[PDB]
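Participant: what would the 3D arrangement of this be:
(4 chains, ligands or ions: 8)
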There are 4 protein chains.
Amino acid sequence: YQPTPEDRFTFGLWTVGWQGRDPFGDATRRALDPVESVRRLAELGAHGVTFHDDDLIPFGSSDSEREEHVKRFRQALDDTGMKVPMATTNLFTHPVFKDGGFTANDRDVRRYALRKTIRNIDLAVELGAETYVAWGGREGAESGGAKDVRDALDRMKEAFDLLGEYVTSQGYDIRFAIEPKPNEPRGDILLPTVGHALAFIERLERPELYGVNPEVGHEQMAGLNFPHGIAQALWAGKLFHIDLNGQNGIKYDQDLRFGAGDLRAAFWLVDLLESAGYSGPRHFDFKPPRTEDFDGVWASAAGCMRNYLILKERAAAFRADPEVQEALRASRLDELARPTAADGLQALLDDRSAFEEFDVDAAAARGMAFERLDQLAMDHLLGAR
Amino acid sequence: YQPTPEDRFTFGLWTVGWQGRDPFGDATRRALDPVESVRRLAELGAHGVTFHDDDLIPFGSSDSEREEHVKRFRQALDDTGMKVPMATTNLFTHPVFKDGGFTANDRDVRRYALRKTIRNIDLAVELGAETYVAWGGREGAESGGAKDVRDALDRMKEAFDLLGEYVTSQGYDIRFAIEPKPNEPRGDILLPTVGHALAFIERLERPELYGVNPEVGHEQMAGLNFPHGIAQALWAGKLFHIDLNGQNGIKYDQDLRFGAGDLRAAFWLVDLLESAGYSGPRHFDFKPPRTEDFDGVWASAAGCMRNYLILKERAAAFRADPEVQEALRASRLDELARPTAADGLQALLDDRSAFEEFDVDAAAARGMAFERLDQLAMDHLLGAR
Amino acid sequence: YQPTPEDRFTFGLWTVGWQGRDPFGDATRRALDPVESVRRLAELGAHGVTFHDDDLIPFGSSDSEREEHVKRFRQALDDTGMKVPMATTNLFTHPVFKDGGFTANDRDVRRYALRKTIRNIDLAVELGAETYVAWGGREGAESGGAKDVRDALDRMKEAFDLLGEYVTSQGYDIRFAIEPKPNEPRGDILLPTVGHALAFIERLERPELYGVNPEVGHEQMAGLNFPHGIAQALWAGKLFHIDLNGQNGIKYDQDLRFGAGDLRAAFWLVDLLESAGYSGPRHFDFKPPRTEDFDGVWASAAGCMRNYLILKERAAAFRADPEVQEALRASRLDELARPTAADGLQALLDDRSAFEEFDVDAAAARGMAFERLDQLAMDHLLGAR
Amino acid sequence: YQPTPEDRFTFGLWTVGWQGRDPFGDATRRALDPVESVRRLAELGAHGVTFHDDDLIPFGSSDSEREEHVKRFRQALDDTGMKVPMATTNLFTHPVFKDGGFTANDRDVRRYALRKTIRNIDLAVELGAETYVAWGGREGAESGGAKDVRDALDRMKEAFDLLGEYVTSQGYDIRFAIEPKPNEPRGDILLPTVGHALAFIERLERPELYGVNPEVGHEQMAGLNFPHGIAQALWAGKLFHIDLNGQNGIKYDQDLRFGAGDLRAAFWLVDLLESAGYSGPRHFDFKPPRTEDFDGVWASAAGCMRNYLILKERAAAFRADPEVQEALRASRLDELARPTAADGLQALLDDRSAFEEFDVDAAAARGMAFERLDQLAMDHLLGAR
Ligand SMILES: [Mn+2]
Ligand SMILES: [Mn+2]
Ligand SMILES: [Mn+2]
Ligand SMILES: [Mn+2]
Ligand SMILES: [Mn+2]
Ligand SMILES: [Mn+2]
Ligand SMILES: [Mn+2]
Ligand SMILES: [Mn+2]
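Facilitator: Numbering: from 1, shown residues only, chains lettered A, B, ... in the order given. Ligands and ions are numbered 1, 2, ... in the order given. Sure, the structure comes next:
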């Protein structure tokens, strides 16, 4: 289960670089130089890294400081063969963003948020990023009067439309991926799920430029089925990027290593990504727990990739097993994939087999055989076949 | 706080008619004749009633039985002046629907589900319904292999497209409202939130025919902000209908009377519906607790309407209070409603006040004054001004 | 992974006998004769069965009907070698219990609940049960004024004290196991967790007669760590019985087969039961999904036992692996098991190494190595070592 | 609704002093001098303040620095008449506590945690505190192998027993209050609810010295009924202290001002505290949102006390209303408070009215009238009578 760069595993600088500060806790690890993170991730068999602007270039850097930070980072990428497939803006840490970036009540803050984003889009394109993620972590409210959500969605549409006008004006190939989260750090965050983000994108001026960047733990913070949400994103043609991690249900955002948290959901996610032929990065947005030293950081990062590769093997073995193929037919997964009424509406209306002569009791009596299918899935996951 | 028919309060037959059967419990009340429910709701000042097909006409009724059930119901509507603004199909109770209606793995069940729906659309139009709700309560899974969600969404789109072709073919004015729910009775339900339903509708052949029927308790079963979801539905132009009730956060679907459960969310919901000029029914999809006798049923129904009218008064007083209007300006709700960059992208890029000369620390220091605003909202809700 | 009767696997009659009625759904399966359930469970390698009074003897049975039901059941036990280690009372289904049994506001209902329980304690003892479970599913409220919880806990203590006086008066060896659940069917249930039940037992007149019957899904409906709660019950000496099933976090009570739901929690539960030498029944309180026919019922029941046996193997292999034993020492699990201050309070106060000369920074720098340990646990669970 | 010092409202230094750092965010407010907080809280009509050791005396202070910090604080208390009813230890912020204080796997850390606590118990007693709170926020795990919970509970009992031996040895009157929380910052925290903490206390060597310090938001993070948990703590005689705040259900710990979050739960909590004659501090453990400036900090603190006083008025009016007293009898709250069987077990067994001649159908038919009672409660809360 040894990852290489072909497996397209990527990590945020902020993941292995997390110093362990939490709502109740000071740092437990020293800051990592991005150069060291690129080297150590490459040694583990990562394909690439991603960054917020402020991960790579300290906030308030001079042009000369910015140039030197990017030069050193570029040299580490060159030394290792590591890629940068995705970049994003920090519109959440600085206190100026305490009520939002794109949907701050203060108009001057909204304008600044856009300029900060646009500066980093240029850098993302220079470093070869195909995807530009937006996580509006400060967009939302703790109280009902603070935020008129129709006005906020007007401001959010304006911001994303301006970014689309910018990338079109420059002739950039980069596309946007909106990252939903239901809450934390705001009491409620706007576009709280994959569904809300997909729906919003349909009302942008150039919807083709925008998709989603769903995160395992974020949908699970609303108690939702992450594989189901990824299936709806794939169905819409909008899975531009994905964030992989672990979460133990409806809590604060844990950012456990991938495979931790809901293990069976991780299995069905990998099964879906691989069956669908998702071709994007397998990106880990996780935090090595603050209990760990740097040896534990690299162990946790290695475990992200290991767990993906184990689950990939077990899901492929499940789908390829003739006994599973028979069980899928027994459960009418083949019939689910057939059109209901390719004969058309009038034929359906005229079909006595669909109403007057439909034996509801005979149909009702037919077991779905889902438990046998699911125990074959369990046996494959556990290597108990 | 006395409701009349102008307040457009409506109730499902299945709400006050709930006999109190639950996963662990037999009925605690006798069946209600729909005629008696129409009479008793009219006496409380309801405007109208809604029905599933199988609430009004027992499943498996003869044509002569169907005619007599509808005749008696029509006479009760005529006697009272009660309306029927909305109807819906029961695609969940009968064991034939144990794996779904429109997304059953069995194709013959999908075809039957459509025929059952179409028969009741005709009846809905006869009784003057403007909205036809679809709650796909059986669409989903308890296990990952049982349901390929891309195939299921293909079947769901086919079904809704066929219903749109049907209503267009007949020249009906009736529109559809998809009701999301995240889980229960299925382990996970497809289109689990307002966002997922809005996103799905954008991929139908005639999206203009479809909106959402959000339910307070359903979004709250995913821990979501119901007023925020209603704001996104309004923003999309898709709030065709609404279900009002109470829920105590992330649990089984409680269907408490409206105002019970999350009282402050009920306040901000009424504030939003009234401010937005929502013109649809104020429909209660609730269950008088099975502790109650019929006197408690009618008390619980009366309390739905009373709580709406109290919250309407308090929200209107909040918005009209000059001290609140001042607090809204202090919190820059006025600025939230102003375009970010009506000057356009190039002007924004050229604006030094948006980047090079933006005083981030001065902006960051400016308090949002949200707590004062929210305590004025609390004082108005509690009548403590 | 073939279960025999030595593995002490037991099932409720109501589990495989569940006809599939849910809040939104009619039965999908015919009623099972308890005789058939005993035969089919024995063939799967179960050790025994458990019952509510009303599972074995229809409510309102004559003495002659009661005798015949028990005779037939006894013959099936004799035919198979199946045991009855546990029995319980149905104080939830009949509408008389709509506000509770032991904590009904109506005193006449409380008295009836006790008489119904006492009659079934006699039968439990006749059939050789060692444990008598009480799940107060109707004890609680949907509203704040309906139930004064101090008065209700007074009535609950009276009821359990009277049952203890009864079993003492008869010279029965049977002990009680209180089953917590946080909600469903009541909006909130009294004694909602293992902790609340343990705390309550300490205030009974004969606490030694009472323990807990924790259920996987019930603690998980409060988002709690089920293995941690079982550890506290073991620590208290109060794990008299356990209910095994699956749950997907904070939802309605799913009662999935054991191993479904939170698979890693199932692993750590089996690890704890086996490491602690828990000697009680491995009882499954689950519901084959209503999608299934009888073949799926028996597959789901078989899967409960299979998953326990797979997880038992993997947990034993984890604990026996010298690499894991080394990792446990690296993570100071050995030090956790050592007394903090066997030297006593005065020695601790006088120990400069504990304060004035404690190198907080050196201690803080020491990694816990928990991620390496947890990935060895993951590798063992998945058979990827 | 103007608070005075008689209302016994208290605040942590860390509440109004919270600088607004969150998992995703830098400080939005400057540090407050405790002297300024004591002055500003006194002006709002607070009775007193509480502290962690490290709130009052910076970690790593010299004896001379410690003396000056305490002198200045004492002068502010003297200037204002403010009390210090409660103090506590910070066993969570410093990275040395990354795996716990009392249940750290490292024994040297456990010993240090005890010495740090004992030093602050002395200071608490000097400043007149009656209660010493322990919130074991770092006691727990993110992974199953990291923490053997039976061993951890052995270490937790040792620590609390040593603290009890210490206060007994010194002749201090101060008592301990254990503060449960289910998760955050650990993936799962030991003693996650009021029930678990009550149960644990019964196994300490001197249980009379220990109670609970329940926090509104903490029980609500497990989806539990906070008034019900407070009722069980009162029933046990163990409500030594309480933390008041707001929470919007199952999320990260929000620490909203009291009355925010679940408003009806706040109503039923105040009703219970006042009806029970709870005599302890009404302590607010809240965080003014980081959106706020210092004017918003003091508004949020004022709103904590205002909301308590409004709810106190409305609950008293509810209980005193003859129509409510009649409704409580109609719902048999009077019967709930009567013993089930003061006639004794044998009389109950011999009572045909309790079984053979109990009319279950007549009892079942009797409505509980809970919805009318609850709408009187709603009308009182909203001032709509
Ligand atoms: Mn996350
Ligand atoms: Mn992410
Ligand atoms: Mn509902
Ligand atoms: Mn509904
Ligand atoms: Mn259960
Ligand atoms: Mn159970
Ligand atoms: Mn808190
Ligand atoms: Mn607290």
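
Participant: surely residue A:253 meets residue A:247?
Facilitator: Yes - here residue A:253 reaches residue A:247: they are 7.3 Å apart, a contact under Cβ atoms under 8 Å. From N, CA and C alone the C-beta is placed, and that goes for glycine too.

Participant: what residues are shared contacts of those two?
Facilitator: A:217, A:221 (Cβ atoms under 8 Å, 6 or more residues apart in numbering or on different chains).

Participant: which one is the residue of the stretch 251-385 of chain A found nearest ligand 6 nearest to, not counting chain neighbours?
Facilitator: Closest to ligand 6 within the stretch 251-385 of chain A is residue A:371: 19.4 Å, counting by Cβ to the ion. If the residues on either side of it in the chain are set aside, residue A:371 comes closest to residue C:300, at 4.1 Å by Cβ to Cβ, 6 or more residues apart in numbering or on different chains.

Participant: ok, now residue A:188?
Facilitator: Per Cβ to Cβ, 6+ apart, closest to residue A:188 is residue B:225, 4.0 Å.

Participant: isn't that neighbour up against residue A:189?
Facilitator: No - Residue B:225 sits out of contact with residue A:189 when judged by Cβ under 8 Å, with a separation of 9.2 Å.

Participant: quick one: contacts for the residue of chain A found nearest ligand 3?
Facilitator: Nearest to ligand 3, among the residues of chain A, is residue A:223, at 15.5 Å (Cβ to the ion). Counting by Cβ under 8 Å, 6+ apart, residue A:223 makes contact with A:249, A:250, B:182, B:183, B:221, B:222, B:223, B:250, C:249, C:250, C:251.

Participant: tally of neighbours for the residue nearest to residue A:188?
Facilitator: 27 (other Cβ atoms under 10 Å in any protein chain shown).

Participant: quick one: contacts for it?
Facilitator: Counting by Cβ under 8 Å, 6+ apart, residue B:225 touches A:188, A:192, B:219, B:265.

Participant: packing partners for the strand or helix carrying residue A:299?
Facilitator: Using DSSP states H and E, residue A:299 maps to helix A:294-320. The elements that helix A:294-320 packs onto, with contact taken as 3 or more Cβ pairs under 8 Å, 6 or more residues apart in numbering or on different chains; DSSP states H and E, are strand A:9-12, helix A:13-16, helix A:34-44, helix A:263-276, strand A:282-284, helix A:370-382, helix C:370-382.

Participant: distance to residue B:384 and mean neighbour count added to these, as CSV?
Facilitator: Formatted as CSV, the helices and strands packed on helix A:294-320 follow (distance: least, Cβ to Cβ, whole Å; neighbours: other Cβ atoms under 10 Å in any protein chain shown):
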stretch, distance to residue B:384, mean neighbour count
strand A:9-12, 47, 26
helix A:13-16, 45, 23
helix A:34-44, 54, 19
helix A:263-276, 46, 22
strand A:282-284, 50, 27
helix A:370-382, 54, 24
helix C:370-382, 50, 24
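
Participant: list the contacts for the residue lying closest to residue A:53 once chain neighbours are set aside?
Facilitator: Spatial nearest neighbour of residue A:53, chain neighbours left out: residue A:120 (4.0 Å); criterion: Cβ to Cβ, 6+ apart. By Cβ under 8 Å, 6+ apart, the contact list for residue A:120 reads A:52, A:53, A:87, A:88, A:89.

Participant: state the distance from the fourth one to residue A:101.
Facilitator: Spelled out, that is residue A:88. Residue A:88 is 12 Å from residue A:101, where distance means Cβ to Cβ, to the nearest Å.

Participant: quick check: residues of chain A near ligand 2?
Facilitator: Residues of chain A lying near ligand 2 by Cβ under 5 Å from the ion: A:215, A:243, A:285.

Participant: what about the last one, neighbour count?
Facilitator: Taking other Cβ under 10 Å as the neighbour definition, residue A:285 ends up with a count of 26.

Participant: pretty sure it is touching residue A:10, no?
Facilitator: No - Residue A:285 is beyond contact range of residue A:10, at 9.7 Å (criterion: Cβ under 8 Å).

Participant: what about the residue of chain A found nearest ligand 1, distance to residue A:44?
Facilitator: Residue nearest to ligand 1 within chain A: residue A:253 (3.9 Å; Cβ to the ion). Counting by Cβ to Cβ, the separation of residue A:253 from residue A:44 is 24 Å.

Participant: now residue A:345
Facilitator: With Cβ to Cβ as the criterion, residue A:345 and residue A:44 are 56 Å apart.

Participant: next: residue A:38.
Facilitator: Spatial separation of residue A:38 from residue A:44 under the definition Cβ to Cβ is 11 Å.

Participant: just residue A:33 next, same as before
Facilitator: Distance of residue A:33 to residue A:44, computed by Cβ to Cβ: 17 Å.

Participant: helices along the stretch 51-200 of chain A, start to end?
Facilitator: Counting by DSSP state H, counting those that start in this stretch, the stretch 51-200 of chain A has helices at residues A:53-56, A:63-80, A:107-126, A:149-170, A:194-201.

Participant: point out the most buried one among the ones you listed.
Facilitator: helix A:194-201 (a mean of 29; mean count of other Cβ atoms under 10 Å in any protein chain shown).

Participant: tell me which residue of chain A lies closest to ligand 4.
Facilitator: With Cβ to the ion, the shortest gap between chain A and ligand 4 falls at residue A:195, namely 17.8 Å.

Participant: let me see the contact set for that residue.
Facilitator: Residue A:195 touches A:229, A:232, B:191, B:192, B:193, B:194, B:195, B:196, B:197, B:198, B:199, counting by Cβ under 8 Å, 6+ apart.

Participant: which residue packs closest to residue A:337, ignoring adjacent ones?
Facilitator: The spatially closest residue to residue A:337, leaving aside those adjacent along the chain, is residue B:151, at 4.5 Å (Cβ to Cβ, 6+ apart).

Participant: for the one you found, which residues are in contact?
Facilitator: A:333, A:336, A:337 are the contacts of residue B:151 under Cβ under 8 Å, 6+ apart.

Participant: can you check residue A:40 too?
Facilitator: A:16, A:298, A:301.

Participant: rewinding a little: between the helices and strands packed on helix A:294-320, which one is nearest to ligand 5?
Facilitator: helix A:370-382 (17.3 Å).

Participant: between that closest one and helix C:294-320, how many degrees?
Facilitator: Orientation of helix A:370-382 against helix C:294-320 (axes from the mean of the first three to the mean of the last three Cα atoms, to 10 degrees) gives an angle of 20 degrees.

Participant: by contact count, what packs against helix A:370-382?
Facilitator: Helix A:370-382 packs on helix A:263-276, helix A:294-320, helix A:322-330, helix C:294-320, helix C:370-382, going by 3+ Cβ pairs under 8 Å, 6+ apart.
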